[PDB]
Amino acid sequence: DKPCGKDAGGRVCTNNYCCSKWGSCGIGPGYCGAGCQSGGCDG
């Protein structure tokens, strides 16, 4: 499995997902909240 965000250069999944603080792509409270490095986040 591969990184996103700071541990990749910024990019995320092709879907409107969010990048968690350690490079895991997906959706959830710590993915799209104040944890978000990049992607379709709410904050």
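Per the PDB record, the structure was determined using solution NMR.

The name recorded for the chain in the PDB entry is Agglutinin isolectin 3, from Triticum aestivum. The title attached to this entry in the PDB is "Wheat Germ Agglutinin (WGA) domain D".

Caption draft 1: Looking closely at the UniProt feature "disulfide bond" in the chain. Here the UniProt disulfide linking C4 with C19 is intact, its two sulfur atoms sitting 2.0 Å from each other. Of this pair, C4 sits in the segment before β1 (18-19) while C19 sits in strand β1, and the two are 15 residues apart along the sequence. Since its relative accessible area comes to 1%, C4 is described here as buried. The exposure class of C19 is buried, given its relative accessible area of 0%. Between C13 and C25, where UniProt places a disulfide bridge, the two sulfur atoms sit 2.0 Å from each other, close enough for the bridge to exist in this structure. Separated by twelve residues along the polypeptide, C13 in the segment before β1 and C25 in strand β2 (residues 25-26) bring together distant segments of the chain. Note on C25: relative accessible area 27%, which makes it partly exposed.

Caption draft 2: Quick peek at the state of the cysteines. Per the stated rule, a full pass over the model turns up four disulfides. Note that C4 is cross-linked by a disulfide to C19, the S-S spacing being 2.0 Å. The S-S bond linking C4 to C19 shows a torsion near 95°; that makes this disulfide right-handed. Of note for the chain: the bonded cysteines, numbered N- to C-terminal, pair according to 1-4, 2-5, 3-6, 7-8.

Conventions and cut-offs
- All residue numbers refer to a per-chain count from 1 along the written sequence rather than necessarily to the numbering of the entry. Residues that lack coordinates are not shown.
- Hydrogens and water molecules were not included; the side-chain quantities draw on all heavy atoms of the structure.
- In what follows, a disulfide is any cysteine sulfur pair within 2.5 Å.
- UniProt positions are given in the numbering used here, feature names are shortened, and annotations may be inferred rather than shown by experiment.
- Note on conventions: DSSP H or I runs of at least 4 residues are helices, E runs of at least 2 residues are strands, and numbering of each starts at the N terminus.
- Burial here depends on accessible area, computed with a 1.4 Å probe over protein chains only, as a share of the maximum for the residue type. Under 20% is buried, over 50% is exposed, and the range in between is partly exposed.

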